[PDB]
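A short write-up of the structure that comes next.
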Amino acid sequence: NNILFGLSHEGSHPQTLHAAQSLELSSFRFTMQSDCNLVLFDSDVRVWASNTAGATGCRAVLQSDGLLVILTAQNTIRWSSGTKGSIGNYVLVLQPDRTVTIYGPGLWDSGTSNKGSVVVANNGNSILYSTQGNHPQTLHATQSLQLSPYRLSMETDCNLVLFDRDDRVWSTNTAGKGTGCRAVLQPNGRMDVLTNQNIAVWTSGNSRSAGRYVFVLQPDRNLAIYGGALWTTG
Amino acid sequence: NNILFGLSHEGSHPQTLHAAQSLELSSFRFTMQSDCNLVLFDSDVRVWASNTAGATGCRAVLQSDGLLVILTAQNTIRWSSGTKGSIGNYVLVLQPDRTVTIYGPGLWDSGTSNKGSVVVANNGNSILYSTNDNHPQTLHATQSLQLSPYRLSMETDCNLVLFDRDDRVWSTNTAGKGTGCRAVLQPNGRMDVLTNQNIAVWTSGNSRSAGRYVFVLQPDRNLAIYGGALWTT
Amino acid sequence: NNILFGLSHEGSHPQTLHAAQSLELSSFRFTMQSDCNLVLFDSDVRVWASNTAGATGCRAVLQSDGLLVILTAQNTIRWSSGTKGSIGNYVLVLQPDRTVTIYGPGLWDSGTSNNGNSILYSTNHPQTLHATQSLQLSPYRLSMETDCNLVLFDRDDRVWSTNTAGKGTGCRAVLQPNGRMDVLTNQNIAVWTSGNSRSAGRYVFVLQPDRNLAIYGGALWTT
Amino acid sequence: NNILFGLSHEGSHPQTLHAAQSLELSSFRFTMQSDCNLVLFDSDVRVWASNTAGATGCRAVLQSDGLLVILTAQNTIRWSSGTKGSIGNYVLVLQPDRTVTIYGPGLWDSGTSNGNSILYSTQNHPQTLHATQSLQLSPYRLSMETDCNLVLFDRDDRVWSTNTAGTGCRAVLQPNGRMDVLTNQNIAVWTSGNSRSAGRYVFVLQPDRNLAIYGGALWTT
Amino acid sequence: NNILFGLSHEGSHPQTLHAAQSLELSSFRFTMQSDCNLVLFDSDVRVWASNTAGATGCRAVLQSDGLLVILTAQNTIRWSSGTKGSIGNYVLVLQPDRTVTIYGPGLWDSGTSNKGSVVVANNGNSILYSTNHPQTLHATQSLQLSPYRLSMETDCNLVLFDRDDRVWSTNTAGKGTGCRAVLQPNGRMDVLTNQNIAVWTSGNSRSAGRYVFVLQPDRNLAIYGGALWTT
Amino acid sequence: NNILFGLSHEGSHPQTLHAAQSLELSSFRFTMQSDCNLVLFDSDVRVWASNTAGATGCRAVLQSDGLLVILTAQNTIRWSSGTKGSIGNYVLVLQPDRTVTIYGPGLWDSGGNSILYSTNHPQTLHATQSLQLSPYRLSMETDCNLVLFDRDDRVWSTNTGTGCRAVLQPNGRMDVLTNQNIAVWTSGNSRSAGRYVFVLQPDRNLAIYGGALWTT
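In structure tokens, the structure reads:
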């Protein structure tokens with residue numbers, strides 16, 4: 001995918017970038033090379049890099065506090081990004097904007113992880129904050147969010163439905179509360195499914211500090227909001 | 001799917017809606033039913049219909065001069081639509097604002113079609129012009147239009163590309179001439195692929211009287227754009 | 001190969017079914033059996049028979065006025081379809097919906113003589141033919157070309173046609189509920205047509221083992 | 001099914017291949033073509049064929065002395081297989097080894113009047141019969157008891173048996191012509207009764223309710 | 001595989017060698033040739049042979065008291081091995097030892113058989129007795149035909165598997181841990197603890213010689229009993 | 001299994017590969033054949049062998065000081081790997097990547125089952145994670161303990180909290196690393212830096228071989 005998960009937890013994977021492991025998004029790649037040097041290329045073009053090279057078997061990993069150590073085999077911290085934030089769990093993502101950014105702690109989840117199948121044979125999967133940096139910055143009806151069996155989508159009933167392989171596994175349970183809805187994700191990480199005449203009928207309800215947050219459909223069937231832009235590149 | 005292709009060609013099908021065969025967008029559904037009535041429905045809620053009932057084997061079909069006609073069992077018209085156009089190719093689409101509509105003649109195709117697999121085990125593949135709440139109205143970086151092996155993407159290199167399964171089939175070859183592109187289709191059906199910086203690196207060129215056009219990632223692996231817009235409930 | 005041509009004589013084989021002998025639409029087998037049972041499978045999972053089990057060297061034959069009969073090692077008739085109608089040429093057909101059934105009179109045809125094959129009608137399908145679009149027997153095929161001309165070819169060459177052409181990009185051929193074969197147009201206009209017809213009813217076009225087209229009509233019985 | 005009969009009197013069908021018609025072993029195809037080609041396909045992809053596409057209104061038809069003949073609207077052959085031998089009863093079978101062949105003579109029945126051959130001791137197969145081990149055609153079937161017997165059944169009832177009834183026997187059919195009821199250490203417990211010149215022999219269960227040994231060999235491809 | 005079956009029944013076959021039919025162990029192929037000669041080869045090398053040549057439509061076939069014939073065309077016996085034992089079932093195996101060797105009658109069977117998908121692809125399915137190997141199995145150490153395979157475990161149980169659910173077993177856990185199963189040179193399976201005690205046994209036994217134990221294609225676990233004839 | 005054990009004598013079978021006998025990792029197969037060669041099969045495609053085809057009675061056997069030697073009916077050496085290290089116990093392994101190989105020495109012993129190390137995986141274990149042998153398994157529980165048990169009855173733990184994992188060090192040390200990167204437990208021995216393996220033995224054992232010796 002494009003996203004890396006936290007050293008927690010139950011099941012979204014990568015938990016790590018091992019050695020010529022990359023994150024890919026149409027031309028973004030952020031691979032963790034051979035020689036220990038963590039680097040983000042746009043087609044052929046060095047744009048980012050801990051210049052930490054000259055070494056081996058290093059591994060990319062991101063921490064519960066936010067951190068992005070680069071460990072060394074003997075588990076010695078070649079590099080770190082040193083920002084650091086509260087406990088909870090984080091996600092790092094490569095973004096249409098050409099950057100990589102961790103976001104955390106989290107802020108709300110659906111409670112629909114499920115363990116098994118759980119693929120990625122390519123893409124399509126976060127909704128961006130109302131950032132204006136890089137999108138989806140939303141969902142309209144007949145608009146989607148998808149990992150694999152799994153998908154999240156905006157009804158025409160006005161309902162956000164999550165389906166597992168054709169069968170409805172979690173919904174907003176709006177569904178004729180409205181008409182043009184879209185759901186939106188507030189600069190606060192509140193997910194809101196609002197109407198045609200601008201009205202919440204469904205809300206995620208728990209907001210934080212306005213800054214940029216990120217809604218994810220995780221490899222487990224989990225939907226979670228991750229609420230932090232703690233550190234980034236350009 | 002939710003288009004209907006009308007009587008000419010490239011075996012992009014439907015080319016007919018028979019007898020108890022609907023067109024479906026989430027929950028909406030405009031179905032050629034069971035007693036010649038040609039109706040739209042949201043779930044149970046009934047929204048438009050031709051009120052042409054009680055008879056048999058009326059099938060629904062589209063024409064070449066834009067009419068949508070319910071044809072009879074023995075070739076007789078139960079009902080027309082009334083408006084007519086020019087010569088072509090028209091789609092008949094059922095849209096996210098709940099409506100049904102015509103575009104036609106068409107107006108630019110890619111040229112890249114394929115009699116072969118032509119798929120769908122659900123969904124969705126048009127882009128919408130600019131205006134109601136009928137979208138895609140822009141495609142973004144990482145954003146698409148998908149039929150089935152077939153897909154359209156807007157990449158980070160600033161280049162609109164066509165997979166056929168995982169492979170490069172048509173493409174704009176505008177890679178790196180921009181960092182933040184999008185592909186929007188204009189008010190006089192003119193696709194453009196514009197940069198960061200509202201500068202268009204590529205255009206479809208051909209256009210018409212403004213209105214409201216549509217572009218369809220065909221089932222023949224065709225890209226193609228249609229406009230007039232000729233009729234809706 | 002799924003039509004049984006009843007009797008009437010010109011080249012159209014099957015005219016009977018014999019006993020370890022059947023008609024086949026994959027899944028859908030129709031067999032005439034070693035015990036006097038005339039039987040319809042779906043995969044295997046028997047769906048209708050004549051239940052005539054209890055005889056030997058029994059055949060299936062379809063009549064001439066279109067009654068299908070099943071007749072004993074002695075010519076006497078253990079099961080008969082029943083209905084039966086005026087008199088020359090008909091078809092018992094095994095349809096892709098599983099109805100097992102019967103069309104006739106002969107009613108219209110080329111005049112040109114010596123799997124792929126039927127076009128179903130306006131009710136089951138093909139219910140139309142189209143341009144690249146075709147019906148095939150073996151060297152035979154009845155196609156509607158894009159000059160918008162209906163031709164018959166026999167080992168690629170042109171034995172019977174419409175003779176319509178230039179005239180078209182529009183066209184498709186559908187066969188009516190009264191029996192007209194109509195070569196229709198981009199917009200709904202008649203371009204050519206068979207001529208003649210009979211009653212409202214289901215109808216079939218069949219390309220036959222005789223270089224031919226027979227539309228067979230009204231309909232006379234079903235399962 | 002996959003064999004064709006002699007123009008026999010006995011009824012036992014097919015006796016002609018016609019026009020849209022074919023005998024199929026499942027993978028392979030033998031059909032009448034309508035241009036006159038009698039052709040053998042594998043799937044699609046032809047393997048052989050008379051090279052006759054070019055006359056009339058044709059049909060495929062086997063003779064009284066195992067001659068394949070295919071022949072016109074006008075009754076004249078267009079191509080004829082060869083070798084004509086005896087003059088009784090033959091079979092033109094298209095086998096599991098893709099060889100199309102004609103057996104010929106007649107040579108023992110049972111007299112009692123898919124699945125059905127048991128090939129010989131030659132090269136193609138069942139080549140023998142063993143206990144819930146049988147050959148069947150339609151309510152008919154010629155099974156091999158555990159109990160050592162050789163019945164025939166027509167529907168759950170015994171139309172012919174070997175009177176033989180032992181513990182590990184299989185029938186196997188000789189290469190001169192007799193079925194055989196062999197056994198265990200290798201005794202005989204039964205034999206068909208006779209035989210004939212040495213060669214590929216076959217043994218169909220048949221629409222007629224009887225076993226019947228063609229016992230041939232007279233042409234192939 | 002590498003074994004042939006005595007023509008007495010029930011499931012499992014080869015009941016015969018046919019005519020460009022062989023039995024293979026990596027290298028070794030004991031094939032029934034094309035012109036009646038039965039032959040064994042290691043590579044291209046005529047190791048052994050009936051050298052019955054010139055006829056046609058033989059068949060190799062093995063008898064209920066192990067005679068091994070090369071039968072005819074027409075059921076005439078071109079060549080038999082020679083010896084004859086007693087009655088029951090019987091197996092021809094081609095071995096590491098570079099040998100066809102027949103053993104039988106049997107002497108113990110599990111009593112698991114089972115008609116259905118009777119399998120193979122390749123190999124490695126029988127255990128040799130003592131001087136030619138697995139003359140022993142270990143724990144993590146196994147024997148396996150196909151969708152079935154039996155094997156030694158550490159709770160010291162001997163266990164048989166149809167695809168990943170145990171059908172037979174020695175019903176021995178925590179009775180030791182040394183644990184290996186082995187065929188005695190008298191045809192007794194002994195599953196013995198680390199202290200060479202036996203916790204489970206096979207019962208019968210007879211005659212010392214060379215025996216064999218076989219995971220059949222029919223879920224049987226059987227042990228043939230004689231050691232009548234080799235090349 | 002597809003690890004072969006040194007002669008070293010202890011309850012860990014294979015101590016030899018015999019002749020219709022072999023090793024296998026679902027596709028991989030490497031056998032001793034009846035032709036004196038020891039071959040490497042990927043499905044069908046012979047991928048690597050000793051080409052010692054023509055000698056007899058042969059065995060694969062792995063050397064007490066880590067050579068692997070292929071022997072005659074007649075104790076004779078048709079191939080040696082070549083390299084050999086110091087002495088007790090090694091392991092030869094046909095590893096998740098189709099590289100055949102050697103690891104030795106023993107280094108710590110608790111007193124699809126392997127856990128590569130650092131470059136092939138598992139390269140690690142979490143709670144829920146497990147290496148399994150057969151009466152037996154090593155798991156990493158989210159208590160953040162590390163037991164071994166035979167039949168869910170417990171033989172050894174570290175007696176260690181919550182999203183710790185377990186890992187094998189850049190030379191030799193087993194690790195109970197602490198969601199944040201801390202050592203909630205640790206083996207205690209270092210040894211050259213090199214590629215290592217940990218192996219749930221067939222003796223209720225677990226042992227880590229290291230420094231690291233021939234390869235294909």
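Taken in order, these protein sequences are the chains called C, A, D, B, E and F. Residues 1 to 133, 136 to 236 in the authors' numbering are what the first sequence spells out, letter by letter. Residues 1 to 131, 134 to 235 in the authors' numbering are what the second sequence spells out, letter by letter. Residues 1 to 114, 123 to 131, 136 to 235 in the authors' numbering are what the third sequence spells out, letter by letter. Residues 1 to 113, 123 to 132, 136 to 177, 180 to 235 in the authors' numbering are what the fourth sequence spells out, letter by letter. Residues 1 to 131, 136 to 235 in the authors' numbering are what the fifth sequence spells out, letter by letter. Residues 1 to 111, 124 to 131, 136 to 176, 180 to 235 in the authors' numbering are what the sixth sequence spells out, letter by letter. Don't be surprised by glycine CBs; every beta carbon is placed ideally from N, CA and C.
Closer than 8 Å to chain D by CB, residue i
i       : result
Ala20/A : no
CB-CB length for residue i against residue j, believed under 8 Å
i        : j        : result
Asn161/C : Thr174/C : 5 Å
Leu154/E : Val91/E  : Actually they do not touch by this definition, with Cβ atoms about 17 Å apart.
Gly229/F : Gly213/F : 6 Å
Buried or exposed by the 16-neighbour rule on C-beta atoms within 10 Å, applied to residue i
i             : result
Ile77/D       : exposed
residue 135/C : Any structural detail on residue 135/C is unavailable, because chain C resumes at 136 straight after 133.
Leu7/B        : exposed
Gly54/B       : exposed
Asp44/F       : exposed
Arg59/B       : buried
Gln95/C       : buried
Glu24/F       : exposed
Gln220/C      : buried
For residue i, the residue or residues it bridges with in DSSP
i        : result
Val186/B : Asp194/B
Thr31/E  : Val39/E
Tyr103/B : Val91/B
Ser126/F : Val218/F
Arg223/B : Partner(s): none; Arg223/B has no beta bridge.
Neighbour flag for residue i against chain B, beta carbons, 8 Å
i        : result
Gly124/D : no
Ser155/E : no
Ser8/E   : yes
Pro105/D : no
CB contact check: residue i to chain A, cutoff 8 Å
i        : result
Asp159/D : no
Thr144/C : yes
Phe5/C   : no
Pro96/C  : yes
Interface flag, residue i vs chain F, CB-CB below 8 Å
i        : result
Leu62/C  : no
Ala73/C  : yes
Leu225/E : no
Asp222/C : no
Contact with chain E by residue i, beta-carbon distance below 8 Å
i        : result
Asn1/F   : yes
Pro189/B : yes
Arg184/F : no
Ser86/B  : no
Cutoff 8 Å: residue i Cβ touching any chain C Cβ
i        : result
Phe217/A : no
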